[PDB]
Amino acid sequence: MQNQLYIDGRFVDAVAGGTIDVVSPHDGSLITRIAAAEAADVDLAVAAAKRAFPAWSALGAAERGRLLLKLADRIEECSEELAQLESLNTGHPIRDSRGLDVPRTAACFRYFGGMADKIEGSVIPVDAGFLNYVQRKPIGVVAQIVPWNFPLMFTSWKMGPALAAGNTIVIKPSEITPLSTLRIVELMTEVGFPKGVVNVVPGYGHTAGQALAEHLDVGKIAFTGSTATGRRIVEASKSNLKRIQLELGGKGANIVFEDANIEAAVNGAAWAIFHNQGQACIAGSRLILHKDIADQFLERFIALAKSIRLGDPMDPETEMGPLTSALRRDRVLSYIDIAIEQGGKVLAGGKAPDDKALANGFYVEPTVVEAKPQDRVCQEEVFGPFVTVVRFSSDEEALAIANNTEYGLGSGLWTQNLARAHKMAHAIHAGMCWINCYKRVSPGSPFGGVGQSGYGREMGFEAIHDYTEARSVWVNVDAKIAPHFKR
């Protein structure tokens, strides 16, 4: 439905009339045309935000909170309208859009609604006679850039904290999946959000994206994307030394020890990499199995893989859908051919679906490939339904395999040994680690990377901190200075 820029509370076309095609991943069909934002457009969106900020941040915190709260209830009223718009644009089964994407986007906004007035300053114990209080205040206009894997969920992950804190926002979704988030802004002002407090500006990365990260009135830039692109954001920020949050990606590891609950681990590991058609940043795209249970696991796992109802996203009975862009699909498939050239033994799937109906879309089937570590495809992020299997025999060997990546966003492990579980989670260099479960998120629990998967967290009290400055104020009440320059 909606498809234009949203600047200062009005849906407007791109200043230079720019346009971008938004396609359905299921049949290649055109869904609609997006107003394509360019430098001149963001200049406006940011100016709109800059203008709206003083009044917005001047609102009592409780008020910003109440609006977020209503937005959350409102998103649930339009539960189906949204789940449908999203799954259509991204290829997410409605199985997911209805039960995950939407409720978790609302739950997140609700969290931060209840958060806005619980952000407290502090009073520092200090020299006698002085009073040092430190206020925690909004940074200013905040620029946010997201990818296209959870377009809907990201709106809550990203704007949720920034808004509660009192910041004013300019957000550029994925030229590939803007539709979802455009409806959200409408829902915002429907619920009472002042004009200009939020501004959506879909557009190419090197136009909208770059113009945004470079902008001189933008006080912080919050980016979720690839390591490659993260560097172009860092470069951009040097213009006015704006703060940065980097949510780059990772090759999440998924270890299964000898004493694991094979059934639960197969189901977890399958949900881990295959849910959301493998386009999860936290996706366990590296399996790591103990020798003694490796065979027994793959028997049950591969079976499960081949029996996955893959098809039309709009089918309530569809378990897995297509990749969200034609490009990627391509990419992935080349990553598969590559894994074979290095001696990979493809154990399930491996190419596009046989079906005539299926090949109108960017589909690829559940792929599992046996390999060695230090292989090219066990290092670089294959952003698809693609799992590599390796085997280990000692705890220490498993840790070594899990840490031999330049990526450390997420990882998990399956055991029933008290010591082993905690020892491992402590040793693995990763921003988060799941035991006997996987891909569990929750607003309030810090979500972010470590090292080359970036800095800054989303979700928690941590998230709020990232969107807030510290004004320190000293008041001399009862302490009398003795002149430094003694008369």
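So that there is no doubt, residue numbering starts at 1 and follows the sequence shown.
**Q** Taking only the CA atoms, which stretch has the higher mean B-factor in the record, 404 to 412 or 100 to 108?
**A** Between 404 to 412 and 100 to 108, it is 404 to 412.
**Q** Quick one: higher average CA temperature factor, 375 to 383 or 342 to 350?
**A** Per the deposited B-factors, the answer is 375 to 383.
**Q** When you compare the CA B-factors of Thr318, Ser174, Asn261, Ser180 as listed in the entry, which one comes out on top?
**A** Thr318 has the highest C-alpha B-factor of those listed.
**Q** Quick one: which of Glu120, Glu190, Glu299, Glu214 has the biggest Cα B-factor according to the entry?
**A** Across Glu120, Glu190, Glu299, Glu214, the entry lists the biggest C-alpha B-factor for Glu299.
**Q** Would you please rank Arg33 by its C-alpha temperature factor against the other modelled residues of its chain and give the third it falls in: lowest, middle or highest?
**A** Its C-alpha B-factor, which the entry lists for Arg33, ranks in the middle third among residues of this chain.
**Q** Divide the modelled residues of the chain into thirds by Cα B-factor and specify which third, lowest, middle or highest, holds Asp21.
**A** Its C-alpha B-factor belongs to the highest third of this chain's values.
**Q** According to the PDB entry, is the CA B factor of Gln279 in the bottom, middle or top third of its chain, that is, lowest, middle or highest?
**A** It falls in the top third of the chain.
**Q** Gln144's Cα B-factor: lowest, middle or highest third of the chain?
**A** As the PDB entry reports it, the C-alpha B-factor of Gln144 lands in the lowest third of its chain.
**Q** Considering every modelled residue of the chain and its Cα B-factor in the PDB entry, is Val450 in the lowest, middle or highest third?
**A** Its C-alpha B-factor belongs to the highest third of this chain's values.
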